[PDB]
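Asker: Sharing a structure, written as structure tokens. Questions coming.
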Amino acid sequence: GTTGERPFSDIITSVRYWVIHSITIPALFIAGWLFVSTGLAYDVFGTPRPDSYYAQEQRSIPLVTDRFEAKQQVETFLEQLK
Amino acid sequence: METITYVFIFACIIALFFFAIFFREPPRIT
Amino acid sequence: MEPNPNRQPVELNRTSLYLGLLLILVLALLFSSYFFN
Amino acid sequence: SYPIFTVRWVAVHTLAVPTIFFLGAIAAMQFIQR
Amino acid sequence: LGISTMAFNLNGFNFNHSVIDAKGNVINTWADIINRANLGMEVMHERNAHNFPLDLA
Amino acid sequence: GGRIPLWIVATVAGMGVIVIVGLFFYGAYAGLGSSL
Amino acid sequence: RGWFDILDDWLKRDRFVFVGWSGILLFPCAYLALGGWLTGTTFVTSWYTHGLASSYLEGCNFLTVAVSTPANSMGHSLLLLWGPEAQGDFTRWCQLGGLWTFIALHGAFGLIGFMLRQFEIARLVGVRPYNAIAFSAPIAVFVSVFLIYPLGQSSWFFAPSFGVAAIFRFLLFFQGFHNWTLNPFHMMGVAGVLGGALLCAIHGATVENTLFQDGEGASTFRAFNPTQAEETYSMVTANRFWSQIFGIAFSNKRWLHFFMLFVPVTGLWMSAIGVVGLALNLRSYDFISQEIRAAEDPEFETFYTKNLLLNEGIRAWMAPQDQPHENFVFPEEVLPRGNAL
Amino acid sequence: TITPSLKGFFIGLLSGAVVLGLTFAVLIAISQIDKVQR
Amino acid sequence: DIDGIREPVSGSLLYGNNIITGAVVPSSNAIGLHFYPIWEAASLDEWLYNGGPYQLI
Amino acid sequence: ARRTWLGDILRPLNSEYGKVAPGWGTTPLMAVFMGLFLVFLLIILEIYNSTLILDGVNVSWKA
Amino acid sequence: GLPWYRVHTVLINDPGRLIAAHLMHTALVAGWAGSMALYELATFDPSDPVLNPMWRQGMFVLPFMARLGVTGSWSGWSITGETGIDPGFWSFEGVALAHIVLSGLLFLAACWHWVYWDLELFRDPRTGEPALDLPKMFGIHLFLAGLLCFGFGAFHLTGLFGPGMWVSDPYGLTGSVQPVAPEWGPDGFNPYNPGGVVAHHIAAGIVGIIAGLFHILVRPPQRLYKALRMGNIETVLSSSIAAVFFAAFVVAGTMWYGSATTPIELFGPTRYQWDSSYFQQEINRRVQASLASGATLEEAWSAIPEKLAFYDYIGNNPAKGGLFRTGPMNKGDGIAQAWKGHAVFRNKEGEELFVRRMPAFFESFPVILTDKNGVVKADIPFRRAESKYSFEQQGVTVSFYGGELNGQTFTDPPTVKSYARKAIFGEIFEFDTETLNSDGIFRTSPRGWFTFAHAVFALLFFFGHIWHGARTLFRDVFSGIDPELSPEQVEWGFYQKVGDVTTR
Amino acid sequence: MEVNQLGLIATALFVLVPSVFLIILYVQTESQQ
Amino acid sequence: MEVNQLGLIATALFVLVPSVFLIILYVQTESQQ
Amino acid sequence: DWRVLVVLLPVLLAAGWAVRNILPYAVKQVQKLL
Ligand code: CLA
Ligand code: CLA
Ligand code: CLA
Ligand SMILES: CC1=C(/C=C/C(C)=C/C=C/C(C)=C/C=C/C=C(C)/C=C/C=C(C)/C=C/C2=C(C)CCCC2(C)C)C(C)(C)CCC1
Ligand SMILES: CC1=C(/C=C/C(C)=C/C=C/C(C)=C/C=C/C=C(C)/C=C/C=C(C)/C=C/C2=C(C)CCCC2(C)C)C(C)(C)CCC1
Ligand code: OEX
Ligand SMILES: [Cl-]
Ligand SMILES: [Cl-]
């Protein structure tokens, strides 16, 4: 039978939906581009940039060694890249 | 004793095939 | 003593016998190599 | 005639809004030079 | 059809050393770990059947 | 409730996804993750 | 008439997406486990836990992206956001693997919610809850592999990582270290999967080739309406066909469709028991009689010993990087190698 | 003394109650507004 | 001898195998893709040594 | 049915089958203890897991 | 006719024979304990608690009698190693036959309640049909559980009227059965504090008695009675099975991780003690304390007890067994008989080398020697054509201190390599491989077998909770759905509430 | 090969015990009506 | 003591085989009428 | 910190526009609900 909600067939084929979503869908797509273009994605999650993996002469992985001071161990790793 | 134990089980499974086919319970319609 | 009215008879038709004999004969052929080891 | 804001509206927009946002972020990553 | 095509040596995706940093250090991924386990099987299989550095068949 | 045909949006949305995934397959040869 | 029954009415309203009391646990947990995996594989790295890149932002494709397990030093910590490890920092929480426990635990209660959803809907429409009972196999598989197994080892590190390529590494790890192919509980699990795939194909094909001509169209799909009372395919013709081709054949529809429930569900349960044994390294790795013979007879060789040599290669070559916390360093002269290669 | 981890225990505990408090609080209000005609 | 290097591989129960390890071993690598029926070997003993039964099966 | 001596002494115990308290009864009071019980189980779990570290407790063999 | 998987359903409306059957399962479980104990007594070696204890001989029920104060035998020995002590009647043999003659009486009790199943007690007075007032019975049976829980912790563990429990030092060396005082502070919830075990059978005993009095005098709410089907006995099986596997996962978790209720001198060491090198640090600490006090190197390692050195051996690691490697640990590496001392490896240049130990993951591990900084300096190479760190090339020797080899040094590469291979296992011991005809393959301890047994039983019983739980609520449609089901019920949007004809 | 001695009686009883269980139930079913 | 290795399975089958032969006959008899 | 303003901005005017076109059809739904 039917549930009572407006069918998807007439919603996506109506003009009012597209006048609303021809600006909403494009604005979120650029909102996502600017999330990475600004370099802010690197700093929110703490992801290394292509130049922030090793030091200039270092070839050993900055692997976490202690459970209760891992918060401080990576803050030493990221400070020795200056 | 191992080789005799493996082939004995294998022979029972083959003997089980002969009864499950030619001595099955006939399916009848009604 | 009057007999118990909760008693029921048990059944196991011919097809269930073949299925059961097949299960334990295959489970034996699989596990026997690990029993001898 | 028909309602507009339903529980079906929330279930759709909980997955549709972030997906388009992720499709734009992943798109910008294709031009990240090393 | 996957087995029938890899019979003619059209193998799966190769992403070994596909990610690399701004200097040139190999940033390993989960594909590079798969390559390590693969190397262990390859150097051990048929331990005397080979006389030359490449196993082309 | 149907002033624009469904087969038109079906092709537009179809052509729209063809381009975005192709952009992803293209990115496999340039930039990061290209082994070069 | 109270607030409880008023809330009960709203949850069970016949809408497009049924909510129900089970939805309070299912929807938020299923949305965060999936959204957490999508957020991880798109943005989050695993550099300080495994030494690996694992997001689209770093250059990984759909096959290599993964939410890696936390480091080995973290033990079996829940890694809560407010916990003593991250201390509330969301950035440091992602850098130590908090998203892995965020996905595993929220996803675990999500599975509980979905199974409760199957019990709730079955009661409302008045059916038998055999669909919920069948979902017990994917749950026992998830609990034994993602929770009981890492709890048996050293840490969450050796649990599966939510990725396509990280799962392939999981199997090769079990071959080299556990010989998981030789375990008879995986063999029964294989039989339950390949058997269910056999029944699924052979039942659907037998139905499609024993139908009655209830229509005038060359495509026999329109000759069916859900409100019949007669069978759409001949059961007595399909029985005679398979009796003469294969030897035996189904004669009962209720038994046939229960058999399609028992075979794949039992198979997954057996494979879950085998993984529970591996959490303690209780493996089926060796046959003692073979090793006693092969050690004193340098001419005795079977496919069993050939596979053990392959296991010894997988361990010695993948260990230094797959287990970086151990700081393994193997010189070139200790690596097991055959001739030339 | 109140250790730092015990302080985070109270933070997660109240956080669990506010989301469960705010969760329900809206569904009873929505259920009251949108009842079922009998 | 499957790999053709004069290194035979035991595969039958009477030669020290069980159901899990037993196997009918493929034909020798010295044959390759050559057709090897019984009447191409100078006897059965030669036929069994070079993995003859594998092709017939 | 058959009566016994011990069967007549225990009779009042197996005599109120099907009796109930009207309405919701003591359900609101039960739910309070259930919440207190989970919070209790959550404490001893986070203590065992070393997530909750109290001053004085030392989850180790050297206890 | 009944199918085979439903033959025991003839006891649902027959309480008397349900009693008789439950008396039989109790007589079986009790009968197993007596025969399992008698069997372990006829196969136990009590002559060496240091190198051949109970967890090295595959003893299963023997540690559980030891955990609660039964340590001696009528023949004159005790597990502690003492001699010439009278244990009275409550010895291993006394505990065994007590469970045996308890089994016989429960057997006869089952026969009586089976023949005389039609008692007035099981009949509801008003209707006359078999009934059981489950809510009040729970309050009665819960009241008795709170009494026995309180009494067990009050009188037995404390020592007012009992032996106590097993307690030992952090390194499982001087174990004994001592009374334990309850710990009421926060440390009582430390799983490694015995005082918390006492404070719980006391505290939970009090609450169980209070709840029992409540569940006796307060009838269930009718909204809970009908929602949980409290008139159907199967709802108790659904909930009891749920509570049973909940406990099964924890007793398996505490067995693997370790706690005050799972001592090491009874179940063997844990896997996590080998990972963190738990026993090696304490051994090295005593060596540095002895060397600092002016003792020579031979006297520093000679001061190490062999019981402390045996715990630093990977053969006792419970994570090194196999699913079908059946038998005790002594069937594997052999009967441990002597510590031959601590081996020290040196090259020709004088530096001391350290052998990389085998992790529990590896069925086999290479032999690599490093110095005090982690750099490779010796190994046993695979290929020899380009070898650089072979023992012959580096002149690696071995010296023993303490044990039986105290003060000896070996130099020829063959024997030096043989001690290096054993060194990846930890300390080196001399084994007796001929008495039990050992094969040299590692096996797990009773700690490992217990965890494997109850973790699987916990997972399987989860299915029992779901099955018998679905039966309780889908009782009506167990034999099929309504053959006259109106299609308007399952039609979408026909009713405002799913399955409610009141709401069109 | 040096196999386990109890493996023979382990396989023999593993086959026999559940076999006769099904056989008893079947012959007592065909003897009914 | 060094007993016969097969005396165990010889005794086990000496009891089991003729016992279940009589059990099979008795159960099918009681199931008649 | 300016990067959050640039990233978040498009969502405001996108919602702000999507709103601007639905109030005449969004307030009609709640007035009917009571
Ligand atoms: C039904 C929904 C549901 C469920 C079951 C869970 C379950 C979980 N979440 Mg999740 N979560 C949810 C929805 C849900 N979540 C939503 C909607 C969000 C978005 C905001 C999150 C965001 C989230 C984050 C960010 C994190 C979790 C985490 C967790 C885990 C730990 C939670 C915990 O300990 O809380 C404890 C709280 C309770 C048990 C509540 C009990 C409250 C009772 C009623 C007592 C009330 C106290 C009272 C007010 C007195 C005040 C106390 C005073 C003394 C201070 C757990 C697996 C963590 C995780 O996975 O880490 C790995 C984590 O870091 N959750
Ligand atoms: C909680 C249960 C439990 C546990 C943990 C142990 C643990 C132990 N016992 Mg004990 N035992 C038990 C119950 C238990 N026992 C019972 C009930 C009996 C009575 C029969 C015995 C009789 C017994 C004897 C007589 C002896 C032991 C010994 C031992 C030790 C050796 C363990 C071993 O080799 O296992 C081996 C385990 C396996 C090989 C695993 C078997 C797995 C099966 C085959 C899987 C079956 C699959 C299934 C059928 C497939 C289903 C298919 C599906 C489609 C339906 C160990 C300490 C020995 C010892 O060391 O004492 C000195 C010894 O002499 N036990
Ligand atoms: C205390 C626990 C308990 C109790 C009292 C019951 C009681 C019952 N169950 Mg349940 N069940 C349980 C646990 C329990 N179950 C668990 C844990 C599971 C999951 C594995 C199940 C799964 C289950 C299913 C799927 C079904 C039942 C059914 C039944 C009923 C008939 C059982 C029967 O005649 O079997 C007769 C059994 C035999 C004749 C032989 C059993 C053969 C087994 C597999 C091998 C024996 C192993 C060994 C002897 C047992 C010791 C195990 C030990 C280690 C614990 C009965 C009311 C049935 C039902 O609903 O009836 C209407 C039904 O269909 N049970
Ligand atoms: C974690 C976390 C969280 C959460 C978050 C979320 C919830 C998110 C979501 C997210 C999302 C929700 C996202 C989405 C995404 C999506 C995507 C990314 C998609 C894509 C796809 C595509 C691209 C497609 C493809 C395809 C297919 C599928 C098929 C075929 C064809 C093609 C190829 C096209 C929070 C903050 C709360 C808290 C804390 C943390
Ligand atoms: C009558 C009487 C008497 C006698 C008694 C007796 C003599 C008893 C005995 C008893 C006994 C002596 C018992 C036994 C029991 C046993 C059991 C109960 C067993 C069982 C087992 C099982 C069940 C197991 C199973 C299994 C197997 C086999 C394998 C693996 C798996 C399993 C574990 C499952 C007296 C004089 C005192 C008194 C008077 C009366
Ligand atoms: O043969 Mn059987 O496996 Ca096909 O690669 Mn080449 O050759 Mn042998 O090595 Mn790799
Ligand atoms: Cl090979
Ligand atoms: Cl070559």
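We name chains A, B, ... following the order of the structure tokens; residues begin at 1 in each chain, and ligands are numbered from 1 as shown.
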Could you list the protein, DNA and RNA residues that have any atom within 8 Å of ligand 2, counting only C-alpha atoms and all ligand atoms, and write them as a PyMOL selection string?

Answerer: (chain C and resi 23+27+31+35) or (chain G and resi 188+266-267+270) or (chain K and resi 32+36+39-40+43-44+55+57-60+323-328+445-446+448-454)

Asker: Kindly provide, as a list in words, all nucleotide and amino acid residues lying within 8 Å of ligand 4, counting only C-alpha atoms and all ligand atoms.

Answerer: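 Residues satisfying the distance criterion: residues 14, 15, 16, 17, 18, 19, 20, 21, 22, 23 and 26 of chain D; 17, 18, 20 and 21 of chain F; 31, 32, 33, 34, 35, 36, 37, 38, 39, 40, 42, 99 and 102 of chain G.
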
Asker: Please produce a file of the residues just selected, as a short mmCIF file (atom, residue, chain, number, x, y, z; two decimals), in the first residue's frame, where the atoms kept are N, CA, C and O atoms.

Answerer:
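In the end it all went to result.cif:
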data_model
loop_
_atom_site.label_atom_id
_atom_site.label_comp_id
_atom_site.auth_asym_id
_atom_site.auth_seq_id
_atom_site.Cartn_x
_atom_site.Cartn_y
_atom_site.Cartn_z
N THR D 14 20.19 12.70 6.67
CA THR D 14 21.30 12.32 7.54
C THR D 14 22.43 11.67 6.75
O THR D 14 23.60 11.74 7.17
N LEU D 15 22.12 11.05 5.61
CA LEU D 15 23.13 10.43 4.77
C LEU D 15 23.44 11.23 3.51
O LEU D 15 24.53 11.09 2.96
N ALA D 16 22.51 12.07 3.05
CA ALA D 16 22.71 12.79 1.80
C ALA D 16 23.58 14.03 1.99
O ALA D 16 24.43 14.33 1.13
N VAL D 17 23.40 14.75 3.09
CA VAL D 17 24.13 15.99 3.34
C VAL D 17 25.62 15.73 3.52
O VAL D 17 26.43 16.38 2.86
N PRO D 18 26.05 14.79 4.39
CA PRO D 18 27.49 14.56 4.51
C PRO D 18 28.11 13.91 3.28
O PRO D 18 29.29 14.15 3.00
N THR D 19 27.34 13.11 2.54
CA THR D 19 27.90 12.42 1.37
C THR D 19 28.37 13.41 0.32
O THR D 19 29.49 13.31 -0.19
N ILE D 20 27.52 14.39 -0.02
CA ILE D 20 27.92 15.42 -0.98
C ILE D 20 29.10 16.21 -0.43
O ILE D 20 29.99 16.63 -1.19
N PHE D 21 29.13 16.43 0.88
CA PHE D 21 30.26 17.11 1.50
C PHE D 21 31.54 16.29 1.35
O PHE D 21 32.61 16.85 1.09
N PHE D 22 31.45 14.97 1.51
CA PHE D 22 32.63 14.13 1.34
C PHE D 22 33.04 14.01 -0.12
O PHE D 22 34.23 13.89 -0.42
N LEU D 23 32.07 14.05 -1.05
CA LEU D 23 32.41 13.96 -2.46
C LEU D 23 33.18 15.19 -2.93
O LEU D 23 33.94 15.11 -3.91
N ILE D 26 36.96 14.75 -1.16
CA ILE D 26 37.75 13.77 -1.90
C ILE D 26 38.10 14.30 -3.28
O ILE D 26 39.17 13.99 -3.82
N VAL F 17 27.49 11.40 -12.30
CA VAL F 17 28.30 10.46 -11.54
C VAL F 17 29.43 9.89 -12.40
O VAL F 17 30.52 9.60 -11.89
N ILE F 18 29.21 9.75 -13.72
CA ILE F 18 30.28 9.28 -14.61
C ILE F 18 31.51 10.17 -14.49
O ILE F 18 32.65 9.69 -14.50
N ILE F 20 32.42 12.25 -11.88
CA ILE F 20 33.05 12.36 -10.57
C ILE F 20 33.89 11.13 -10.26
O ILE F 20 34.98 11.24 -9.67
N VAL F 21 33.42 9.94 -10.64
CA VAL F 21 34.22 8.74 -10.43
C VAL F 21 35.41 8.71 -11.39
O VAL F 21 36.50 8.27 -11.04
N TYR G 31 24.56 4.46 12.66
CA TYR G 31 24.95 5.66 11.94
C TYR G 31 26.34 6.14 12.32
O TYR G 31 27.04 6.74 11.50
N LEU G 32 26.77 5.88 13.56
CA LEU G 32 28.09 6.33 14.00
C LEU G 32 29.19 5.34 13.64
O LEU G 32 30.32 5.76 13.35
N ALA G 33 28.89 4.04 13.65
CA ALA G 33 29.88 3.06 13.23
C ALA G 33 30.22 3.22 11.76
O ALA G 33 31.40 3.21 11.38
N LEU G 34 29.20 3.39 10.92
CA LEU G 34 29.43 3.59 9.49
C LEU G 34 30.03 4.97 9.23
O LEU G 34 31.03 5.10 8.51
N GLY G 35 29.42 6.01 9.79
CA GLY G 35 29.96 7.35 9.62
C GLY G 35 31.36 7.50 10.19
O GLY G 35 32.16 8.28 9.67
N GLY G 36 31.67 6.75 11.25
CA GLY G 36 33.03 6.75 11.77
C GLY G 36 34.02 6.09 10.83
O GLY G 36 35.18 6.51 10.75
N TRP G 37 33.59 5.04 10.12
CA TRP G 37 34.46 4.41 9.14
C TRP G 37 34.65 5.30 7.92
O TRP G 37 35.76 5.39 7.38
N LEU G 38 33.58 5.96 7.47
CA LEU G 38 33.70 6.87 6.34
C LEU G 38 34.55 8.08 6.69
O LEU G 38 35.32 8.58 5.86
N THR G 39 34.44 8.57 7.93
CA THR G 39 35.28 9.68 8.37
C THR G 39 36.74 9.24 8.51
O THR G 39 37.66 10.02 8.21
N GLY G 40 36.96 8.00 8.95
CA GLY G 40 38.33 7.53 9.11
C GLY G 40 39.02 7.29 7.78
O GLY G 40 40.13 7.77 7.55
N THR G 42 38.48 8.54 4.99
CA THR G 42 38.60 9.73 4.17
C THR G 42 39.67 10.69 4.68
O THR G 42 40.39 11.30 3.87
N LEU G 99 39.10 5.78 16.90
CA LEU G 99 38.01 5.48 15.98
C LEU G 99 37.80 3.98 15.80
O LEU G 99 36.69 3.57 15.45
N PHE G 102 35.74 3.12 18.59
CA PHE G 102 34.50 3.85 18.35
C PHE G 102 33.62 3.12 17.34
O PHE G 102 32.39 3.18 17.44
#

Asker: At a cut-off of 9 Å, using only C-alpha atoms, what residues contact residue 38 of chain A? Leave out same-chain residues fewer than 6 positions from it and give the result as number ranges by chain.

Answerer: N: 3, 6-7

Asker: Residues of the last selection are to be written out with C-alpha atoms, as an mmCIF file, in the first residue's frame.

Answerer:
data_model
loop_
_atom_site.group_PDB
_atom_site.id
_atom_site.type_symbol
_atom_site.label_atom_id
_atom_site.label_comp_id
_atom_site.auth_asym_id
_atom_site.auth_seq_id
_atom_site.Cartn_x
_atom_site.Cartn_y
_atom_site.Cartn_z
ATOM 1 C CA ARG N 3 39.432 28.510 8.021
ATOM 2 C CA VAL N 6 35.317 29.687 4.900
ATOM 3 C CA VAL N 7 34.497 25.977 5.211
#

Asker: Within 9 Å of ligand 8, counting only C-alpha atoms and all ligand atoms: which residues, as a PDB file with C-alpha atoms, in the first residue's frame?

Answerer:
ATOM      1  CA  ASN E  48      65.068 -26.396  -5.199  1.00  0.00           C
ATOM      2  CA  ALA E  49      63.124 -26.148  -8.477  1.00  0.00           C
ATOM      3  CA  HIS E  50      64.649 -22.759  -9.391  1.00  0.00           C
ATOM      4  CA  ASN E  51      68.168 -21.896 -10.552  1.00  0.00           C
ATOM      5  CA  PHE E  52      67.628 -18.303 -11.723  1.00  0.00           C
ATOM      6  CA  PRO E  53      66.516 -15.092  -9.986  1.00  0.00           C
ATOM      7  CA  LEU E  54      63.090 -14.833 -11.686  1.00  0.00           C
ATOM      8  CA  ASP E  55      60.122 -17.220 -11.495  1.00  0.00           C
ATOM      9  CA  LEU E  56      58.280 -16.444 -14.733  1.00  0.00           C
TER      10      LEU E  56
ATOM     11  CA  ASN G 339      67.358 -21.603  -4.110  1.00  0.00           C
ATOM     12  CA  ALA G 340      67.916 -18.579  -6.376  1.00  0.00           C
ATOM     13  CA  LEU G 341      64.713 -16.742  -5.388  1.00  0.00           C
TER      14      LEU G 341
END

Asker: Kindly provide, as JSON, numbers by chain, all nucleotide and amino acid residues lying within 8 Å of ligand 7, counting only C-alpha atoms and all ligand atoms.

Answerer: {"E": [44, 45, 46, 47], "G": [303, 306, 307, 309, 310]}

Asker: Emit the selected residues as a compact mmCIF listing (two decimals), in the first residue's frame, including N, CA and C atoms.

Answerer:
# COMPACT_ATOMS: atom_id res chain seq x y z
N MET E 44 59.99 -19.37 -0.71
CA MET E 44 60.01 -20.69 -0.09
C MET E 44 59.39 -21.78 -0.94
N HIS E 45 58.46 -21.45 -1.84
CA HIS E 45 57.77 -22.47 -2.61
C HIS E 45 58.73 -23.11 -3.61
N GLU E 46 58.72 -24.44 -3.67
CA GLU E 46 59.58 -25.22 -4.56
C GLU E 46 61.04 -24.80 -4.40
N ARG E 47 61.56 -25.11 -3.21
CA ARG E 47 62.81 -24.55 -2.71
C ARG E 47 64.04 -24.97 -3.51
N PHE G 303 52.28 -32.80 1.18
CA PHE G 303 51.79 -31.44 1.03
C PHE G 303 51.63 -30.73 2.37
N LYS G 306 55.13 -29.18 2.95
CA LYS G 306 55.34 -28.11 1.98
C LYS G 306 54.64 -26.83 2.41
N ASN G 307 53.45 -26.96 3.01
CA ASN G 307 52.71 -25.78 3.44
C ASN G 307 53.32 -25.16 4.70
N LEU G 309 56.52 -25.02 5.33
CA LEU G 309 57.62 -24.20 4.83
C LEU G 309 57.12 -22.86 4.31
N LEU G 310 55.92 -22.84 3.72
CA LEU G 310 55.33 -21.58 3.30
C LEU G 310 54.94 -20.73 4.50

Asker: Could you give me the residues within 8 Å of ligand 5, counting only C-alpha atoms and all ligand atoms, as JSON, numbers by chain?

Answerer: {"K": [27, 28, 29, 30, 31, 32, 33, 34, 35, 97, 100, 101, 102, 103, 104, 105, 107, 108]}

Asker: Please, could you write that set of residues out with N, CA and C atoms as a PDB file, in the first residue's frame?

Answerer:
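Result file follows (again08.pdb):
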ATOM      1  N   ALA K  27      22.909 -35.405  40.264  1.00  0.00           N
ATOM      2  CA  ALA K  27      23.640 -36.615  40.624  1.00  0.00           C
ATOM      3  C   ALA K  27      24.726 -36.938  39.608  1.00  0.00           C
ATOM      4  N   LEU K  28      24.512 -36.580  38.339  1.00  0.00           N
ATOM      5  CA  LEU K  28      25.537 -36.799  37.324  1.00  0.00           C
ATOM      6  C   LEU K  28      26.712 -35.850  37.518  1.00  0.00           C
ATOM      7  N   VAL K  29      26.427 -34.554  37.673  1.00  0.00           N
ATOM      8  CA  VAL K  29      27.491 -33.570  37.858  1.00  0.00           C
ATOM      9  C   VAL K  29      28.274 -33.863  39.133  1.00  0.00           C
ATOM     10  N   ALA K  30      27.576 -34.251  40.203  1.00  0.00           N
ATOM     11  CA  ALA K  30      28.261 -34.607  41.441  1.00  0.00           C
ATOM     12  C   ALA K  30      29.070 -35.888  41.276  1.00  0.00           C
ATOM     13  N   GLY K  31      28.505 -36.883  40.590  1.00  0.00           N
ATOM     14  CA  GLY K  31      29.228 -38.123  40.371  1.00  0.00           C
ATOM     15  C   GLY K  31      30.480 -37.945  39.536  1.00  0.00           C
ATOM     16  N   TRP K  32      30.463 -36.993  38.599  1.00  0.00           N
ATOM     17  CA  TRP K  32      31.654 -36.739  37.797  1.00  0.00           C
ATOM     18  C   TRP K  32      32.784 -36.173  38.647  1.00  0.00           C
ATOM     19  N   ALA K  33      32.459 -35.277  39.581  1.00  0.00           N
ATOM     20  CA  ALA K  33      33.495 -34.636  40.385  1.00  0.00           C
ATOM     21  C   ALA K  33      34.241 -35.651  41.239  1.00  0.00           C
ATOM     22  N   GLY K  34      33.520 -36.609  41.820  1.00  0.00           N
ATOM     23  CA  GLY K  34      34.176 -37.616  42.639  1.00  0.00           C
ATOM     24  C   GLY K  34      35.098 -38.509  41.830  1.00  0.00           C
ATOM     25  N   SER K  35      34.621 -38.986  40.677  1.00  0.00           N
ATOM     26  CA  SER K  35      35.437 -39.868  39.850  1.00  0.00           C
ATOM     27  C   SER K  35      36.577 -39.116  39.174  1.00  0.00           C
ATOM     28  N   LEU K  97      34.917 -38.888  47.832  1.00  0.00           N
ATOM     29  CA  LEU K  97      33.834 -39.812  48.154  1.00  0.00           C
ATOM     30  C   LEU K  97      32.617 -39.097  48.729  1.00  0.00           C
ATOM     31  N   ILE K 100      30.729 -38.513  45.901  1.00  0.00           N
ATOM     32  CA  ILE K 100      30.315 -39.790  45.326  1.00  0.00           C
ATOM     33  C   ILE K 100      29.057 -40.311  46.007  1.00  0.00           C
ATOM     34  N   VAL K 101      29.044 -40.333  47.341  1.00  0.00           N
ATOM     35  CA  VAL K 101      27.862 -40.822  48.041  1.00  0.00           C
ATOM     36  C   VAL K 101      26.752 -39.779  48.071  1.00  0.00           C
ATOM     37  N   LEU K 102      27.071 -38.506  47.823  1.00  0.00           N
ATOM     38  CA  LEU K 102      26.022 -37.537  47.533  1.00  0.00           C
ATOM     39  C   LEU K 102      25.350 -37.842  46.201  1.00  0.00           C
ATOM     40  N   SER K 103      26.116 -38.346  45.230  1.00  0.00           N
ATOM     41  CA  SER K 103      25.541 -38.710  43.940  1.00  0.00           C
ATOM     42  C   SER K 103      24.555 -39.861  44.079  1.00  0.00           C
ATOM     43  N   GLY K 104      24.886 -40.853  44.907  1.00  0.00           N
ATOM     44  CA  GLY K 104      23.999 -41.993  45.069  1.00  0.00           C
ATOM     45  C   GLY K 104      22.673 -41.625  45.707  1.00  0.00           C
ATOM     46  N   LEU K 105      22.702 -40.728  46.695  1.00  0.00           N
ATOM     47  CA  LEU K 105      21.467 -40.333  47.364  1.00  0.00           C
ATOM     48  C   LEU K 105      20.595 -39.475  46.455  1.00  0.00           C
ATOM     49  N   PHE K 107      20.527 -39.839  43.286  1.00  0.00           N
ATOM     50  CA  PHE K 107      19.968 -40.816  42.356  1.00  0.00           C
ATOM     51  C   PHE K 107      18.686 -41.423  42.911  1.00  0.00           C
ATOM     52  N   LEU K 108      18.709 -41.834  44.182  1.00  0.00           N
ATOM     53  CA  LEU K 108      17.522 -42.419  44.795  1.00  0.00           C
ATOM     54  C   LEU K 108      16.417 -41.388  44.979  1.00  0.00           C
TER      55      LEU K 108
END

Asker: Just want the residues within 9 Å of ligand 1, written as a ChimeraX atom specification, counting only C-alpha atoms and all ligand atoms.

Answerer: /G:23-29,31-32,77-83,88,90,93,98-110 /H:7,9-21,23 /J:32,35-36,38-39,42

Asker: Give the residues close to ligand 3, within 9 Å, counting only C-alpha atoms and all ligand atoms; write them as a PyMOL selection string.

Answerer: (chain K and resi 3-12+234+237-238+240-241+244-245+453+457-468+471) or (chain L and resi 18+21)

Asker: Within 8 Å of segment 10-21 of chain N, counting only C-alpha atoms, which residues qualify if same-chain residues fewer than 5 places away don't, as a PyMOL selection string?

Answerer: chain A and resi 16+20-21+23-24+27-28+30-31
